[PDB]
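Structure first, commentary second.
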Amino acid sequence: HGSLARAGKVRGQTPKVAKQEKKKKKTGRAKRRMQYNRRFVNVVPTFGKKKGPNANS
Amino acid sequence: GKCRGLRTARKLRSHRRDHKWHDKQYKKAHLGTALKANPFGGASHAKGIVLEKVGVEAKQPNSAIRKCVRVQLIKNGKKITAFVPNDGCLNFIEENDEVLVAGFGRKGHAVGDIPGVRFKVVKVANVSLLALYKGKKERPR
Amino acid sequence: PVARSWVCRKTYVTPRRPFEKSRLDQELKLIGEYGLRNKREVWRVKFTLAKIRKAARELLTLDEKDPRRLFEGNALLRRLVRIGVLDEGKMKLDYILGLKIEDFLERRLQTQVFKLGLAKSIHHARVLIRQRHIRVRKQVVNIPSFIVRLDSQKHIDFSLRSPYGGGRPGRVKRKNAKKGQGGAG
Amino acid sequence: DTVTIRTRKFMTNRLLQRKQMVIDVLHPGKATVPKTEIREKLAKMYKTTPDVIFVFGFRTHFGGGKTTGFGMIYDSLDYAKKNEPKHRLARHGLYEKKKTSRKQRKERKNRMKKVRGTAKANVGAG
RNA sequence: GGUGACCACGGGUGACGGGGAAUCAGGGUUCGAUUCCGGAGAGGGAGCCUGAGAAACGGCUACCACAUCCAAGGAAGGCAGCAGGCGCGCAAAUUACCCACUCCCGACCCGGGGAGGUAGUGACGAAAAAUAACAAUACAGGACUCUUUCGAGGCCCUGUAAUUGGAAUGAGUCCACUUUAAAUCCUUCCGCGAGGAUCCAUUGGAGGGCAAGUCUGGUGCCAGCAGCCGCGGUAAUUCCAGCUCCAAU
Ligand SMILES: [Mg+2]
Ligand SMILES: [Mg+2]
Ligand SMILES: [Mg+2]
Ligand SMILES: [Mg+2]
Ligand SMILES: [Mg+2]
Ligand SMILES: [Mg+2]
Ligand SMILES: [Mg+2]
Ligand SMILES: [Mg+2]
Ligand SMILES: [Mg+2]
Ligand SMILES: [Mg+2]
């Protein structure tokens, strides 16, 4: 059985959005500098019960 | 226990020999059957013609219709169901269109739901679903 | 049939337990601590050291006073002092084992650019070396990860043919000079 | 002004009727050297005229401070048009070869078997 | 008479044999059609000449199996040499240039060599390795010093921005040279060639195994996801989207 009408229902009706543009992200070896720097030497503040590197506030 | 002796290199070899036709993973590989049975004649992928589009009903705990393709392989003329992966891609594939069907990753096991479907479609008229469902390469005409 | 070479073999090994965290959190330090190109570049040095340590360990199974141990040992030790890792004639083998990555990093060219003032921040070094600014001895060196022979430490110096060092100010200063002569004057 | 052509590994090849050595050309920021200049500057060197000096090899290496290579010297042009290979004489206008070009030869010489021995037809050729 | 469970004899192989390969705590396990050695076959067999030397296929003799031209009497066919095409196929290069290197045959220093080298194609694969750096600001901070703290001196720092700023370089392009055989390619260098809106890094992921958001839209047991565990039935940490992050890069 089964109606094959519903193939691509969801991509179909999800309202598309623009992908924006700001920063051409730094790459290669500078990326990795920015990386270490931003979670090793720099901030390393008074601990706030573990981190959340991509978490919310 | 084991035979353990010093001129017992054979009773041992010949012991550890036959007590592999009780392994499962070798009796696929070394017997014959596999090469004889799998429509994919020992071959990673294979080409075949889309003869119709068929929805399959998933295994109870997860209700849904899976959206696969009855294929007939060129080399054998052996038929197949292949689940066309990723959303709304069955919409792309039309009848009688030449598809490159690869496995599922379980090598013979059917994957998860999709009861009794080993194969997944990859290409369609020398394109690749990954390019179509991203909208990079369009349908040929 | 043809002429040609083959004998191409990898310089590295990827880790098994593919992302431990602990392992990542070490191997990142190393990349920043010394301005490394990439992650692989660690597991280059990681793979090279593991050779040495297994070469050494190969010898520690042999009985002493045995023609190989003595020969291969000296040869191997010399090769390390030669590049400036074991010191002064530490040269008796067991010691090799007690030795870590930090070392074959500290003796890369890149590090020994700012270690000898020259650069000004670790990444200058890797730029400066690529930019064909610095030389060794007489050859102008392009490569960051050239392990520097201990002998050839004092001969790292600003190239004779580069802007700082002397001769031909680079095209940026040549253009903003010609803006003052041609554009302004 | 700044070239300074220093040689290495000179051998007096009695039996090829020659003198032969590694040319070591220094050169600063100025780029390579051409083989004409090097011949004339290696001529007054050993005092044999430029005519009788043949140079190939020349391979520069980073920085452009230095370029190695091989050059060499016969005791007369008469011998050089004898011991030396074609390419090095043809390098400068003294001895050139035919331009039939390989597949013209082959297409011809696989005929002239078809014909028997009537020279007229073999001369017919292509 | 000879051989046999110390397994013969029979059958099979996705079997040309070695030298090695990737795997690998020690021991194995599978692969080795793969350039080096050894064997075999030139559609298939058989027989043949000729030859020291061949049962020789860039010989021929039939047959079988293939196939070309035709004036219908007859004639010429062998890529498992190199190129190329067709078919097969998941699955693989140019009707390229040349004897300059290594070597070989000749009567021979002199010709020829698709043996061979050189270009082209070429994410089969391996090595190195750009995709930015730095000063001053504006700040955003945090070990000396100073301050009860708030503040400040500042040797330390680092975050984003202004790019404020010039310096440095290569990817390109292209005078010139080398190379080579002639190139090409590489190495050398004159001359031009970086302010992002550029000279623009992607692929998978983001519940766990497993490094990474109960961030925000939409759907609502559908579509769909999910190697396994699973999610989806009206706030989905799981679908389709957006923004952020992570891994290698
Ligand atoms: Mg068979
Ligand atoms: Mg054939
Ligand atoms: Mg034969
Ligand atoms: Mg025969
Ligand atoms: Mg042939
Ligand atoms: Mg392939
Ligand atoms: Mg060839
Ligand atoms: Mg690679
Ligand atoms: Mg780039
Ligand atoms: Mg996970």
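In the structure tokens, chains take letters A, B, ... by order of appearance, with residues numbered from 1 within each chain and ligands from 1 in the order shown.
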**OP:** Determine which residues of range 35-181 of chain C receive a DSSP assignment of helix (DSSP H, G or I), computed from the backbone, and state them as number ranges by chain.
**Re:** C: 40-60, 67-83, 94-97, 102-106, 111-114, 122-130, 150-153, 171-181
File of the preceding selection, C-alpha atoms, as an mmCIF file, in the first residue's frame:
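Saved result, result_13.cif, follows:
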```cif
data_model
loop_
_atom_site.group_PDB
_atom_site.id
_atom_site.type_symbol
_atom_site.label_atom_id
_atom_site.label_comp_id
_atom_site.auth_asym_id
_atom_site.auth_seq_id
_atom_site.Cartn_x
_atom_site.Cartn_y
_atom_site.Cartn_z
ATOM 1 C CA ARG C 40 49.175 15.723 11.429
ATOM 2 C CA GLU C 41 52.434 17.620 11.873
ATOM 3 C CA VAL C 42 52.373 16.423 15.484
ATOM 4 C CA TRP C 43 51.743 12.777 14.555
ATOM 5 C CA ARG C 44 54.642 13.105 12.145
ATOM 6 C CA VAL C 45 56.938 13.743 15.035
ATOM 7 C CA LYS C 46 54.894 11.328 17.112
ATOM 8 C CA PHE C 47 55.463 8.623 14.436
ATOM 9 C CA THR C 48 59.237 9.579 14.094
ATOM 10 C CA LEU C 49 59.894 9.344 17.802
ATOM 11 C CA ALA C 50 58.069 5.997 18.107
ATOM 12 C CA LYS C 51 60.502 4.679 15.469
ATOM 13 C CA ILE C 52 63.500 5.740 17.564
ATOM 14 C CA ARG C 53 62.060 4.409 20.790
ATOM 15 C CA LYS C 54 61.306 1.035 19.130
ATOM 16 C CA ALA C 55 64.799 1.008 17.550
ATOM 17 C CA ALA C 56 66.253 1.645 20.978
ATOM 18 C CA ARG C 57 63.948 -0.943 22.605
ATOM 19 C CA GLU C 58 65.003 -3.440 19.892
ATOM 20 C CA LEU C 59 68.587 -3.038 21.227
ATOM 21 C CA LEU C 60 67.679 -3.314 24.970
ATOM 22 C CA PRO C 67 78.681 -6.074 17.707
ATOM 23 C CA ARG C 68 75.269 -4.664 16.729
ATOM 24 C CA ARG C 69 74.238 -2.982 20.045
ATOM 25 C CA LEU C 70 77.530 -1.083 20.281
ATOM 26 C CA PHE C 71 77.525 -0.001 16.658
ATOM 27 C CA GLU C 72 73.857 0.722 15.969
ATOM 28 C CA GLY C 73 73.682 2.334 19.403
ATOM 29 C CA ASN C 74 76.463 4.858 18.897
ATOM 30 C CA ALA C 75 75.250 5.591 15.379
ATOM 31 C CA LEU C 76 71.706 6.169 16.792
ATOM 32 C CA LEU C 77 72.830 8.286 19.706
ATOM 33 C CA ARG C 78 75.186 10.371 17.628
ATOM 34 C CA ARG C 79 72.242 11.004 15.246
ATOM 35 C CA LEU C 80 70.281 12.515 18.163
ATOM 36 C CA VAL C 81 73.131 14.684 19.594
ATOM 37 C CA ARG C 82 73.958 15.703 16.067
ATOM 38 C CA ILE C 83 70.429 17.358 15.946
ATOM 39 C CA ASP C 94 68.533 3.528 27.861
ATOM 40 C CA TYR C 95 68.125 7.261 28.327
ATOM 41 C CA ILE C 96 66.759 7.579 24.737
ATOM 42 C CA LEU C 97 63.541 6.050 26.049
ATOM 43 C CA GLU C 102 58.601 18.576 22.844
ATOM 44 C CA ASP C 103 62.248 17.900 21.855
ATOM 45 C CA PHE C 104 61.997 17.137 18.005
ATOM 46 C CA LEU C 105 59.681 20.175 17.990
ATOM 47 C CA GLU C 106 62.161 22.483 19.811
ATOM 48 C CA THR C 111 61.098 27.396 16.785
ATOM 49 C CA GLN C 112 64.785 28.334 16.353
ATOM 50 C CA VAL C 113 63.775 31.398 14.424
ATOM 51 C CA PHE C 114 62.353 33.229 17.495
ATOM 52 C CA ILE C 122 56.156 32.115 16.584
ATOM 53 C CA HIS C 123 54.051 32.552 13.459
ATOM 54 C CA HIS C 124 56.348 35.162 11.909
ATOM 55 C CA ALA C 125 58.841 32.315 12.038
ATOM 56 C CA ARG C 126 56.698 29.976 9.944
ATOM 57 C CA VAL C 127 55.788 32.852 7.640
ATOM 58 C CA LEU C 128 59.394 34.166 7.477
ATOM 59 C CA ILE C 129 60.713 30.704 6.710
ATOM 60 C CA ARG C 130 58.154 30.138 3.941
ATOM 61 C CA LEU C 150 73.224 21.390 16.334
ATOM 62 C CA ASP C 151 76.342 22.538 14.401
ATOM 63 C CA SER C 152 74.143 24.613 12.075
ATOM 64 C CA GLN C 153 72.461 26.632 14.795
ATOM 65 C CA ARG C 171 57.325 45.366 -3.681
ATOM 66 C CA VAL C 172 55.030 46.901 -1.053
ATOM 67 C CA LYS C 173 57.713 49.464 0.009
ATOM 68 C CA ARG C 174 58.835 49.855 -3.597
ATOM 69 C CA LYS C 175 55.238 50.757 -4.614
ATOM 70 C CA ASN C 176 54.583 53.155 -1.655
ATOM 71 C CA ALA C 177 58.003 54.704 -2.443
ATOM 72 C CA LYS C 178 57.025 55.138 -6.143
ATOM 73 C CA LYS C 179 53.763 56.703 -4.926
ATOM 74 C CA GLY C 180 55.950 59.414 -3.258
ATOM 75 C CA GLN C 181 58.276 59.871 -6.276
#
```
**OP:** Could the residues that lie within 12 Å of ligand 1, counting only C-alpha atoms (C1' of nucleotides) and all ligand atoms, be listed as a ChimeraX atom specification?
**Re:** /B:32,35-36 /E:12-15
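Proximity of C:87, C:36, C:121, C:107 to chain E, computed with only C-alpha atoms (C1' of nucleotides), is greatest for C:121.
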Each residue of chain B with at least one atom at most 8 Å from chain E should appear once, together with its nearest atom pair and the corresponding distance in Å (one decimal); atoms considered: only C-alpha atoms (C1' of nucleotides); ordering: chain, then increasing residue number; output as a Markdown table.
```
| residue | atom | partner | partner_atom | distance |
| --- | --- | --- | --- | --- |
| B:43 | CA | E:90 | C1' | 6.7 |
| B:44 | CA | E:90 | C1' | 6.2 |
| B:45 | CA | E:90 | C1' | 4.9 |
| B:46 | CA | E:90 | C1' | 5.3 |
| B:47 | CA | E:90 | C1' | 7.4 |
| B:62 | CA | E:221 | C1' | 6.8 |
| B:63 | CA | E:221 | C1' | 5.5 |
| B:64 | CA | E:221 | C1' | 7.0 |
| B:87 | CA | E:224 | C1' | 6.5 |
| B:105 | CA | E:227 | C1' | 5.9 |
| B:106 | CA | E:227 | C1' | 6.7 |
| B:111 | CA | E:227 | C1' | 7.8 |
| B:112 | CA | E:226 | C1' | 7.8 |
```
**OP:** Identify all chain B residues at most 12 Å from chain A by counting only C-alpha atoms; ligands do not count. Present them as a ChimeraX atom specification.
**Re:** /B:52-58,63-69,84-93,133-134
Could you dump the residues just selected with N, CA and C atoms as a compact mmCIF listing (two decimals), in the first residue's frame?
```txt
# COMPACT_ATOMS: atom_id res chain seq x y z
N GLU B 52 10.33 -0.01 -11.24
CA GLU B 52 9.22 0.74 -10.59
C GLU B 52 9.59 1.28 -9.22
N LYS B 53 8.78 2.20 -8.72
CA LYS B 53 8.99 2.82 -7.42
C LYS B 53 8.03 2.23 -6.41
N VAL B 54 8.56 1.74 -5.29
CA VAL B 54 7.76 1.01 -4.30
C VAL B 54 8.00 1.52 -2.89
N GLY B 55 6.92 1.89 -2.22
CA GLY B 55 6.97 2.24 -0.81
C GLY B 55 6.96 0.99 0.04
N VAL B 56 7.87 0.93 1.01
CA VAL B 56 7.93 -0.18 1.96
C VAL B 56 7.53 0.30 3.35
N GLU B 57 6.82 -0.56 4.08
CA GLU B 57 6.27 -0.24 5.39
C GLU B 57 7.27 -0.67 6.43
N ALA B 58 7.69 0.27 7.28
CA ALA B 58 8.76 0.01 8.26
C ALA B 58 8.32 -0.87 9.40
N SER B 63 6.52 3.53 12.58
CA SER B 63 5.62 3.58 11.43
C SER B 63 6.10 4.63 10.46
N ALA B 64 6.12 4.28 9.17
CA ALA B 64 6.49 5.19 8.08
C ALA B 64 6.63 4.41 6.78
N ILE B 65 6.57 5.13 5.66
CA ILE B 65 6.75 4.53 4.33
C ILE B 65 8.10 4.96 3.73
N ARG B 66 8.88 3.99 3.27
CA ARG B 66 10.34 4.14 3.11
C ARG B 66 10.88 4.60 1.77
N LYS B 67 10.13 4.35 0.71
CA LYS B 67 10.38 4.97 -0.60
C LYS B 67 11.63 4.42 -1.27
N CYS B 68 11.43 3.28 -1.92
CA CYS B 68 12.49 2.49 -2.52
C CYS B 68 12.19 2.25 -3.98
N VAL B 69 13.09 1.54 -4.62
CA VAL B 69 13.04 1.31 -6.04
C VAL B 69 13.26 -0.18 -6.29
N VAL B 84 15.93 4.56 -1.60
CA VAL B 84 16.46 5.81 -2.10
C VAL B 84 16.66 6.76 -0.93
N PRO B 85 17.90 6.93 -0.48
CA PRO B 85 18.10 7.69 0.74
C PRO B 85 17.90 9.20 0.61
N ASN B 86 17.52 9.79 1.73
CA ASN B 86 17.30 11.22 1.91
C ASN B 86 16.05 11.82 1.30
N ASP B 87 15.53 12.84 2.00
CA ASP B 87 14.12 13.21 1.88
C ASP B 87 13.78 13.78 0.50
N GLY B 88 12.66 13.30 -0.03
CA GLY B 88 12.10 13.78 -1.29
C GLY B 88 12.92 13.46 -2.54
N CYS B 89 13.77 12.43 -2.47
CA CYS B 89 14.64 12.07 -3.59
C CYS B 89 14.00 11.07 -4.54
N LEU B 90 13.02 10.31 -4.06
CA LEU B 90 12.20 9.44 -4.92
C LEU B 90 11.50 10.26 -5.99
N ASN B 91 11.09 11.45 -5.58
CA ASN B 91 10.64 12.49 -6.47
C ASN B 91 11.56 12.72 -7.69
N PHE B 92 12.89 12.68 -7.49
CA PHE B 92 13.84 12.77 -8.61
C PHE B 92 13.72 11.60 -9.58
N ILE B 93 13.89 10.39 -9.06
CA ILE B 93 14.04 9.20 -9.88
C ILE B 93 12.73 8.90 -10.58
N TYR B 133 19.90 16.27 -4.46
CA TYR B 133 19.20 16.71 -3.22
C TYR B 133 19.92 17.98 -2.62
N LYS B 134 21.21 18.23 -2.90
CA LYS B 134 21.81 19.57 -2.61
C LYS B 134 21.49 20.68 -3.64
```
Counting only C-alpha atoms (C1' of nucleotides) and all ligand atoms, what residues are within 12 Å of ligand 5, given as a PDB file with N, CA and C atoms (P, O5', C5', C4', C3', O3' and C1' of nucleotides), in the first residue's frame?
```
ATOM      1  P     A E  42      50.252 -20.730 -28.578  1.00  0.00           P
ATOM      2  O5'   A E  42      49.052 -20.393 -29.565  1.00  0.00           O
ATOM      3  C5'   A E  42      49.036 -19.180 -30.328  1.00  0.00           C
ATOM      4  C4'   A E  42      48.415 -18.041 -29.553  1.00  0.00           C
ATOM      5  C3'   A E  42      48.352 -16.749 -30.360  1.00  0.00           C
ATOM      6  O3'   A E  42      47.146 -16.080 -30.080  1.00  0.00           O
ATOM      7  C1'   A E  42      49.603 -16.373 -28.426  1.00  0.00           C
ATOM      8  P     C E  57      55.591 -18.628 -29.838  1.00  0.00           P
ATOM      9  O5'   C E  57      54.934 -17.203 -30.125  1.00  0.00           O
ATOM     10  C5'   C E  57      53.647 -17.043 -30.773  1.00  0.00           C
ATOM     11  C4'   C E  57      53.793 -16.937 -32.281  1.00  0.00           C
ATOM     12  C3'   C E  57      53.529 -15.567 -32.895  1.00  0.00           C
ATOM     13  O3'   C E  57      54.666 -14.712 -32.820  1.00  0.00           O
ATOM     14  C1'   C E  57      52.725 -17.362 -34.274  1.00  0.00           C
ATOM     15  P     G E  58      54.497 -13.119 -32.906  1.00  0.00           P
ATOM     16  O5'   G E  58      54.711 -12.820 -34.464  1.00  0.00           O
ATOM     17  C5'   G E  58      53.622 -12.648 -35.416  1.00  0.00           C
ATOM     18  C4'   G E  58      53.831 -11.452 -36.338  1.00  0.00           C
ATOM     19  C3'   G E  58      55.073 -11.441 -37.227  1.00  0.00           C
ATOM     20  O3'   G E  58      54.920 -11.977 -38.535  1.00  0.00           O
ATOM     21  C1'   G E  58      54.906  -9.383 -36.097  1.00  0.00           C
ATOM     22  P     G E  78      47.286 -11.917 -40.342  1.00  0.00           P
ATOM     23  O5'   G E  78      47.617 -12.114 -38.794  1.00  0.00           O
ATOM     24  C5'   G E  78      47.731 -10.982 -37.909  1.00  0.00           C
ATOM     25  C4'   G E  78      46.652 -11.016 -36.846  1.00  0.00           C
ATOM     26  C3'   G E  78      47.059 -11.586 -35.488  1.00  0.00           C
ATOM     27  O3'   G E  78      46.511 -10.832 -34.408  1.00  0.00           O
ATOM     28  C1'   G E  78      45.158 -12.735 -36.297  1.00  0.00           C
ATOM     29  P     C E  79      47.427  -9.859 -33.504  1.00  0.00           P
ATOM     30  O5'   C E  79      46.994 -10.271 -32.026  1.00  0.00           O
ATOM     31  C5'   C E  79      45.961  -9.569 -31.303  1.00  0.00           C
ATOM     32  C4'   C E  79      46.580  -8.508 -30.412  1.00  0.00           C
ATOM     33  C3'   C E  79      45.655  -7.795 -29.424  1.00  0.00           C
ATOM     34  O3'   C E  79      45.589  -8.499 -28.188  1.00  0.00           O
ATOM     35  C1'   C E  79      46.858  -6.205 -30.693  1.00  0.00           C
ATOM     36  P     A E  80      44.568  -8.056 -27.024  1.00  0.00           P
ATOM     37  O5'   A E  80      45.540  -7.845 -25.773  1.00  0.00           O
ATOM     38  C5'   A E  80      45.646  -8.782 -24.664  1.00  0.00           C
ATOM     39  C4'   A E  80      47.067  -9.290 -24.486  1.00  0.00           C
ATOM     40  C3'   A E  80      47.911  -9.437 -25.762  1.00  0.00           C
ATOM     41  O3'   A E  80      48.997  -8.516 -25.867  1.00  0.00           O
ATOM     42  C1'   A E  80      47.724 -11.531 -24.614  1.00  0.00           C
ATOM     43  P     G E  81      49.913  -8.505 -27.189  1.00  0.00           P
ATOM     44  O5'   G E  81      51.056  -7.441 -26.852  1.00  0.00           O
ATOM     45  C5'   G E  81      51.518  -6.568 -27.904  1.00  0.00           C
ATOM     46  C4'   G E  81      52.924  -6.055 -27.667  1.00  0.00           C
ATOM     47  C3'   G E  81      53.034  -4.539 -27.610  1.00  0.00           C
ATOM     48  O3'   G E  81      53.218  -4.108 -26.265  1.00  0.00           O
ATOM     49  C1'   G E  81      54.093  -5.359 -29.597  1.00  0.00           C
ATOM     50  P     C E  82      51.947  -3.664 -25.380  1.00  0.00           P
ATOM     51  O5'   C E  82      51.679  -2.158 -25.824  1.00  0.00           O
ATOM     52  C5'   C E  82      52.515  -1.104 -25.314  1.00  0.00           C
ATOM     53  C4'   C E  82      52.897  -0.147 -26.416  1.00  0.00           C
ATOM     54  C3'   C E  82      51.900   0.954 -26.705  1.00  0.00           C
ATOM     55  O3'   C E  82      52.135   2.059 -25.826  1.00  0.00           O
ATOM     56  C1'   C E  82      52.724   0.030 -28.764  1.00  0.00           C
TER      57        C E  82
END
```
**OP:** List every residue of chain C that DSSP, applied to the backbone of this structure, places in strand (DSSP E or B), and write the result as a VMD selection string.
**Re:** chain C and resid 108 134 to 136 139 to 140 147 156 to 158
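The residue that comes closest to residue 81 in chain B, out of B:51, B:129, B:102, B:117 and on the basis of only C-alpha atoms, is B:117.
When only C-alpha atoms (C1' of nucleotides) and all ligand atoms are used to compute distances to ligand 7, the closest of the residues E:175, E:52, E:93, E:64 turns out to be E:93.
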Original post:
Please, which residues have at least one atom within 8 Å of an atom of ligand 9, using only C-alpha atoms (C1' of nucleotides) and all ligand atoms, listed as a ChimeraX atom specification?
Top reply: /E:130-131,200-201
Subject >> Environment of ligand 7 within 8 Å, counting only C-alpha atoms (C1' of nucleotides) and all ligand atoms, reported as a PyMOL selection string >> reply: chain E and resi 82+114+116-117
**OP:** Give as a PyMOL selection string every residue of chain C that touches chain D within 8 Å, counting only C-alpha atoms.
**Re:** chain C and resi 139-141+161
Subject >> Non-local contacts of range 101-107 of chain D (9 Å; only C-alpha atoms (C1' of nucleotides); under 3 positions in same chain excluded) as a ChimeraX atom specification >> reply: /D:98,110-111,126 /E:98
Prev. selection, C-alpha atoms (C1' of nucleotides), output as a PDB file, in the first residue's frame:
```
ATOM      1  CA  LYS D  98      67.275  16.404 -41.442  1.00  0.00           C
ATOM      2  CA  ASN D 110      57.099   0.156 -44.288  1.00  0.00           C
ATOM      3  CA  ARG D 111      56.545   0.821 -47.984  1.00  0.00           C
ATOM      4  CA  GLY D 126      56.865   9.263 -50.233  1.00  0.00           C
TER       5      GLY D 126
ATOM      6  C1'   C E  98      62.092  10.787 -29.926  1.00  0.00           C
TER       7        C E  98
END
```
**OP:** Within 9 Å of chain E, which residues of chain D are there when counting only C-alpha atoms (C1' of nucleotides)? Please give them as a count of residues only.
**Re:** 20
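Selection of all polymer residues within 9 Å of ligand 10 on the basis of only C-alpha atoms (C1' of nucleotides) and all ligand atoms gives residues 205, 206, 207, 208, 209 and 210 of chain E.
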Can you write out the residues you just picked, keeping N, CA, C and O atoms (P, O5', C5', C4', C3', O3' and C1' of nucleotides), as a PDB file, in the first residue's frame?
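Full text of part07.pdb as output:
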```pdb
ATOM      1  P     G E 205      26.066  13.176   7.990  1.00  0.00           P
ATOM      2  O5'   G E 205      26.492  13.950   9.324  1.00  0.00           O
ATOM      3  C5'   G E 205      26.127  13.498  10.650  1.00  0.00           C
ATOM      4  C4'   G E 205      27.163  13.865  11.696  1.00  0.00           C
ATOM      5  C3'   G E 205      26.619  14.548  12.935  1.00  0.00           C
ATOM      6  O3'   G E 205      26.005  13.598  13.795  1.00  0.00           O
ATOM      7  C1'   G E 205      28.551  15.677  12.216  1.00  0.00           C
ATOM      8  P     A E 206      24.481  13.795  14.246  1.00  0.00           P
ATOM      9  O5'   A E 206      24.591  14.954  15.336  1.00  0.00           O
ATOM     10  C5'   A E 206      25.321  14.732  16.559  1.00  0.00           C
ATOM     11  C4'   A E 206      25.780  16.033  17.184  1.00  0.00           C
ATOM     12  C3'   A E 206      24.756  17.052  17.653  1.00  0.00           C
ATOM     13  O3'   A E 206      24.071  16.550  18.791  1.00  0.00           O
ATOM     14  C1'   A E 206      26.570  18.182  16.660  1.00  0.00           C
ATOM     15  P     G E 207      22.610  15.871  18.667  1.00  0.00           P
ATOM     16  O5'   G E 207      22.545  15.023  20.001  1.00  0.00           O
ATOM     17  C5'   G E 207      23.095  15.579  21.193  1.00  0.00           C
ATOM     18  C4'   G E 207      22.841  14.621  22.309  1.00  0.00           C
ATOM     19  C3'   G E 207      23.835  13.475  22.380  1.00  0.00           C
ATOM     20  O3'   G E 207      24.859  13.853  23.295  1.00  0.00           O
ATOM     21  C1'   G E 207      21.625  12.629  22.298  1.00  0.00           C
ATOM     22  P     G E 208      26.063  12.857  23.633  1.00  0.00           P
ATOM     23  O5'   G E 208      25.392  11.406  23.553  1.00  0.00           O
ATOM     24  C5'   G E 208      24.839  10.685  24.697  1.00  0.00           C
ATOM     25  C4'   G E 208      25.472   9.325  24.830  1.00  0.00           C
ATOM     26  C3'   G E 208      26.939   9.306  24.456  1.00  0.00           C
ATOM     27  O3'   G E 208      27.685   8.494  25.341  1.00  0.00           O
ATOM     28  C1'   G E 208      25.673   8.000  22.896  1.00  0.00           C
ATOM     29  P     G E 209      29.265   8.644  25.373  1.00  0.00           P
ATOM     30  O5'   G E 209      29.759   7.432  24.458  1.00  0.00           O
ATOM     31  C5'   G E 209      29.223   6.093  24.598  1.00  0.00           C
ATOM     32  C4'   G E 209      29.749   5.187  23.507  1.00  0.00           C
ATOM     33  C3'   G E 209      30.937   5.709  22.714  1.00  0.00           C
ATOM     34  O3'   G E 209      32.190   5.513  23.374  1.00  0.00           O
ATOM     35  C1'   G E 209      29.297   4.878  21.222  1.00  0.00           C
ATOM     36  P     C E 210      33.543   6.126  22.754  1.00  0.00           P
ATOM     37  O5'   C E 210      33.103   7.609  22.397  1.00  0.00           O
ATOM     38  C5'   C E 210      33.957   8.729  22.663  1.00  0.00           C
ATOM     39  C4'   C E 210      33.421   9.918  21.917  1.00  0.00           C
ATOM     40  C3'   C E 210      32.007  10.323  22.359  1.00  0.00           C
ATOM     41  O3'   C E 210      31.594  11.690  22.524  1.00  0.00           O
ATOM     42  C1'   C E 210      32.078   9.937  20.010  1.00  0.00           C
TER      43        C E 210
END
```
Subject >> Within 10 Å of ligand 8 (only C-alpha atoms (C1' of nucleotides) and all ligand atoms), residues as a PyMOL selection string >> reply: (chain C and resi 10) or (chain E and resi 123+125-127)
For the selection just defined, write its residues with C-alpha atoms (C1' of nucleotides) to a file, as a PDB file, in the first residue's frame.
```pdb
ATOM      1  CA  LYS C  10      54.101   7.230   5.125  1.00  0.00           C
TER       2      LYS C  10
ATOM      3  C1'   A E 123      42.390  12.677  -5.393  1.00  0.00           C
ATOM      4  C1'   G E 125      48.648   6.089  -4.133  1.00  0.00           C
ATOM      5  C1'   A E 126      53.410   8.740  -0.950  1.00  0.00           C
ATOM      6  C1'   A E 127      56.562  13.551   0.578  1.00  0.00           C
TER       7        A E 127
END
```
